[PDB]
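These notes concern the structure reproduced below.
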Amino acid sequence: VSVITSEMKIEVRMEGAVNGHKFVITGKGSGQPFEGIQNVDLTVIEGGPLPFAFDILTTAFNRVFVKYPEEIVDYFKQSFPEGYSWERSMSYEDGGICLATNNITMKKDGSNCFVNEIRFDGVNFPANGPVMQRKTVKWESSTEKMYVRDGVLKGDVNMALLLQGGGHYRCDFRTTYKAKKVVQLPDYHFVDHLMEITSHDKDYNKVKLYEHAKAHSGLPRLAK
Amino acid sequence: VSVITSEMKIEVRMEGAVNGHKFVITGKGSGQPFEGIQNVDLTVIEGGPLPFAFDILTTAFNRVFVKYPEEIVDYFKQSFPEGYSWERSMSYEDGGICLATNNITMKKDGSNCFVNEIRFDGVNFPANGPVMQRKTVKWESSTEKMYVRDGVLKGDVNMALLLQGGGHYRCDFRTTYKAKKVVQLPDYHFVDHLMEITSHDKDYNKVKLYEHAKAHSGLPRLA
Ligand SMILES: [Mg+2]
Ligand SMILES: [Mg+2]
Ligand code: NA
Ligand code: NA
């Protein structure tokens, strides 16, 4: 039985370090689990102004916000109220690499709210690279590949940051999703994503995000 | 001018998380910079007993402890008293991966002591893997390849953990060393390492380490 509702709140707190630079970011937002859309307003409370591209942090700021068709098992909505946690490695093509974790649960009060405890760490970003030079524009849309492995769910996605000077900067995502209770496991499937920074101040101490995500089973066998 | 001396103290504090499990470890030790040897006694003060193999943490607990030949530029000893920091990615063959950083400096009270601030994070370690099942025996010796890249020093090394059931579990290290001041840069070279846990209690809440390291220029051209 699912306890998810159409309108739910989001509370997040991220603590981390990139190339040794420590920072803390908090935020509040809301989302529509069944429509696969969400928003969050972020505020850098420690470590600002960040010396690296804020874009590397955005996907860390919940697959429960995905419109899942009836035919596909929803690993995430089943996991609540207890919730689930995820672990992720984000390997950039120039050697830079980030690891992040998020422990998600719903508040015990009927406030329909998700609480997110996030840790984010990145290292080996070249001083003259697009991340430390803040030359990123946005993440392109993507299609995450979902598959079960040893009783848990994995999601791998080829990501790409559009650069200011044109061209792309690739990053390979490897995520492991772990429900806090036994839930039905889904067959191999996909999750399309579109996420962007809808607003931000000069130094990105204030950032607004938006994401739209939908699950599917890939292209039909027959054309048209 | 180097301010390094033959006998120096070591103080370390590591804060981290592996597969979401938080922990804090502190330690005290000593080393001989010129002989390339060092020891450290570690104590898990938070998060114990650790659910993962302690071996994944040991290389995080200073390349200043390497016997460098006269003919090879020593990037590390030159950096003090200011010091240097390092960043490292440790990619295991089964997908597990760890990142760590260490900010190293010398105390300014004349106590000949290195202070180390370490952050360690690991994710994607399979529940049935040797790390989460604590089936590791030790790290084999190694030879780290040192090369300059964009004004800083990189060190890459093929590492391997001997497993209890026999066989090895490989990990590729990619480290970036950054001096806090301008120092002479070295030519491509190598650093041989031998590190081991010389003592530990049942759950590894108490662990003693030892490392021996020496730099060199590789095999001579002639046999
Ligand atoms: Mg922008
Ligand atoms: Mg042992
Ligand atoms: Na399914
Ligand atoms: Na040299």
Side-chain angles (χ1 to χ4, degrees), chain A residues 16-23 44 46-58 60 89-100 120-139 159-172 202-205, chain B residues 60 62-64 73-76 78-80 82-91 97-105 116-119 121 144-157 172-189:
Chain A
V18 174
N19 274 26
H21 185 87
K22 303 183 187 67
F23 60 87
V44 177
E46 283 181 44
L50 302 176
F52 58 82
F54 200 93
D55 283 323
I56 69 172
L57 310 171
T58 58
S89 62
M90 298 161 273
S91 178
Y92 293 85
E93 68 175 299
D94 65 348
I97 179 156
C98 299
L99 303 185
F120 188 108
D121 295 273
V123 301
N124 287 159
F125 281 107
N128 56 42
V131 172
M132 297 314 294
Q133 291 298 310
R134 298 184 304 300
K135 296 296 184 181
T136 66
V137 175
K138 65 178 181 178
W139 283 105
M159 296 285 281
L161 283 161
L162 171 64
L163 299 181
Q164 297 178 183
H168 290 80
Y169 174 51
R170 289 268 291 104
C171 183
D172 285 347
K202 188 175 181 177
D203 301 305
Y204 294 75
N205 285 310
Chain B
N62 187 348
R63 209 67 56 258
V64 75
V73 171
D74 193 330
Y75 185 82
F76 310 99
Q78 293 181 76
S79 74
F80 293 91
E82 290 66 29
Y84 71 104
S85 64
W86 58 250
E87 293 163 32
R88 178 184 306 161
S89 64
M90 298 160 273
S91 180
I97 179 153
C98 300
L99 303 185
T101 61
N102 187 183
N103 188 306
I104 311 174
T105 187
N116 309 67
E117 174 186 346
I118 307 167
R119 176 69 207 181
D121 294 274
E144 180 178 17
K145 280 62 188 302
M146 303 291 227
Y147 59 102
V148 171
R149 173 65 61 82
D150 302 327
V152 295
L153 187 61
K154 301 286 186 173
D156 294 347
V157 56
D172 286 350
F173 280 30
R174 289 183 179 74
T175 306
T176 300
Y177 302 98
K178 301 175 178 177
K180 295 169 184 174
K181 67 181 181 181
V182 178
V183 300
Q184 177 172 49
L185 302 177
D187 291 341
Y188 196 92
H189 66 280

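Labels below follow one simple rule: chain letters A, B, ... track the order of the sequence lines, proteins then strands, and each chain is numbered from 1.
In this structure, A/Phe54 and A/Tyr204 have parallel ring planes: the angle between them is below the 30° cut-off, well short of the 60° mark. The aromatic rings of A/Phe120 and A/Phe23 are tilted relative to each other, their planes meeting at an angle between 30° and 60°.
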Can you give the donor-acceptor pairs under 3.5 Å from side chains of residues 181-188 of chain B to other protein atoms, not counting sequence neighbours?
| residue | atom | partner | partner atom | Å |
| --- | --- | --- | --- | --- |
| B/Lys181 | NZ | B/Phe80 | O | 3.1 |
| B/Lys181 | NZ | B/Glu82 | OE1 | 2.9 |

#### Entry: Step-by-step side chain to side chain contact (heavy atoms under 4.5 Å, CB included) determination, A/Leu50 to A/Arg134
CA-CA 10 Å; A/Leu50 302 176; A/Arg134 298 184 304 300; over 6 Å; no
### Task
Take A/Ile97 and A/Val123, measure what side chain to side chain contact (heavy atoms under 4.5 Å, CB included) needs, and give me the verdict at the end.
CA-CA 6 Å; A/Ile97 179 156; A/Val123 301; 3.8 Å; yes
### Task
Test salt bridge (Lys or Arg N to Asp or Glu O under 4.0 Å) on B/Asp121 and B/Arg119 and set out the steps.
CA-CA 7 Å; B/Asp121 294 274; B/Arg119 176 69 207 181; 2.7 Å; yes
#### Entry: From CA spacing to verdict: side chain to side chain contact (heavy atoms under 4.5 Å, CB included), A/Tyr92, A/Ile56
CA-CA 10 Å; A/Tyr92 293 85; A/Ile56 69 172; 3.5 Å; yes
### Query
Is there a side chain to side chain contact (heavy atoms under 4.5 Å, CB included) between A/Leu163 and A/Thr136 once you walk through the steps?
CA-CA 5 Å; A/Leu163 299 181; A/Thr136 66; 4.2 Å; yes
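Applying the 6.0 Å contact sphere to NZ of B/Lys145 captures no more than 12 heavy atoms from other residues, nucleotides or ligands.
Nearest heavy atoms, A/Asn124 versus B/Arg174: OD1-O, 3.1 Å. Here the shortest heavy-atom pairing between A/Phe125 and A/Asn19 reads O-ND2, 3.1 Å. Between A/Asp55 and A/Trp139 the shortest heavy-atom distance is O-NE1, 2.7 Å. Contact record, B/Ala179 with B/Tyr84: CA-CB, 3.6 Å, taken as the closest heavy-atom pair. Here the closest heavy-atom approach between residue A/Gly47 and residue A/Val44 is recorded as C-CG1, 4.4 Å. A pairwise comparison of heavy atoms in B/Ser85 and B/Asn103 identifies CB-CA, 4.1 Å as the closest pair.
Between the SG atom of A/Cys98 and the CG atom of B/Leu99 there is a distance of 7.5 Å, given to the nearest 0.5 Å. The CD atom of B/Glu117 lies 11.0 Å from the CD1 atom of B/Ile104; values are rounded to the nearest 0.5 Å. To the nearest 0.5 Å, atoms NZ (B/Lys154) and CD (B/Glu87) are separated by 7.5 Å. Atom CH2 of B/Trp86 sits about 11.0 Å away from atom OG1 of B/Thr176, to the nearest 0.5 Å.
Side-chain contact between B/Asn102 and B/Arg88 is absent, with no heavy-atom pair separated by less than 4.5 Å. Side-chain contact between B/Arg63 and B/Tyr75: absent, with no pair of heavy atoms (C-beta onward) separated by less than 4.5 Å. In this structure the side chain of A/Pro130 reaches within 4.5 angstrom of the side chain of A/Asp94, judged on heavy atoms.
With sequence neighbours excluded, the residues forming a side-chain contact (heavy atoms from CB on, under 4.5 Å) with A/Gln133 are A/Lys135, listed by chain and number.
In summary, the side chains of B/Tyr147 and B/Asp156 do present a donor paired with an acceptor at a separation below 3.5 Å, with no hydrogens or angles considered.
In this structure, the side chain of A/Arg170 engages the main chain of A/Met159 through a donor-acceptor pair within 3.5 Å. A side-chain donor-acceptor contact under 3.5 Å links B/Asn62 to the backbone of B/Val64.
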